[PDB]
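Taking the form deposited in one PDB entry, here's one chain by itself in structure tokens.
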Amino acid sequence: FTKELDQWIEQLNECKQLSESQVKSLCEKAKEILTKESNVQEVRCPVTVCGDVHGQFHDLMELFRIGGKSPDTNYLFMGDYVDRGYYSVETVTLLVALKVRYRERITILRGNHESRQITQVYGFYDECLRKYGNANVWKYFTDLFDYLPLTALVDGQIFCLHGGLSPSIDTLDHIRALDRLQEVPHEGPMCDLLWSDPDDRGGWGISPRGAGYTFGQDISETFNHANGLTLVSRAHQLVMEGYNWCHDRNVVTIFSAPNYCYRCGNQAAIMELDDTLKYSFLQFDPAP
């Protein structure tokens, strides 16, 4: 089987999809591995943290040219592997394939797009139809997404999730108590963790997205102190500079899809956390 995984990865690196048969296998084992992981997955540095990739496959290859190759460089992706980009299939499959091959070199969190309703509105579902010939590959992947960890904690200090803070979650234990094995709900803690956005207005605000909430500096400060965290590392929001600090540096947004939707002209960033948790950012333009 290992010799196989290696071949699949060599294939996917040429941007060539796997077959329905293989995807079904990649996913059955991927679930085996992801079921054992926690809602607040423990990750030890060193690790490079990445934000949205949204099927921009060639930008993902550019990301690896900048952060090193897996499994040499350890990676932590905070979700949003599909939709918008032109290669959702090759992108999510490569990442799921890197996970199954290297459980300890890669951590993949769940984003708001690793869900059933949204992927039928923004691409993934249709790309799958146009590339296989039926909805099976999409059922395999959206079923796998039910198992993705909603959060990761690096060295017990840096807390990583796709979206942000929830008014119905104050502790890391509260999150560990949630049943993540299910589709993303339209309301509640789990939804919030994948939909919320840090804001420059204090307290909790109404989210312009229609799900989750906006939270201000005061809420980040409280959540960081209450949980012995040095920082909240998230993504989900387009950041022209690739990455963005806010809330007096209790929060940083990392967006890894340069020129999002091939329309926004944003840089992308990736965040390196060395052996000592000292951090540094790498910014990049889209691959030529």
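Each residue number is its position in the shown sequence, starting from 1.
Just so it is clear, the following notes concern the form deposited with a partner chain bound, a form of the same protein that is not shown.
Engineer: Looking at the partner-bound form in the deposited complex, is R116 within 4.5 Å of its partner chain by any heavy atom?
Structural biologist: Looking in the deposited complex, residue contacts with its partner chain include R116, since a heavy atom lies within 4.5 Å.
Engineer: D126: heavy atom within 4.5 Å of its partner chain in the deposited complex?
Structural biologist: Within the cut-off, so yes.
Engineer: I'd like to check something about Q217: if you look in the deposited complex, is any of its heavy atoms closer than or equal to 4.5 Å to a heavy atom of its partner chain?
Structural biologist: Although its partner chain is absent here, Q217 would stay clear of it in the deposited complex, with no heavy atoms inside 4.5 Å.
Engineer: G156 versus its partner chain, in the deposited complex: is there a non-hydrogen atom within 4.5 Å?
Structural biologist: The answer is no: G156 has no heavy atom within 4.5 Å of its partner chain.
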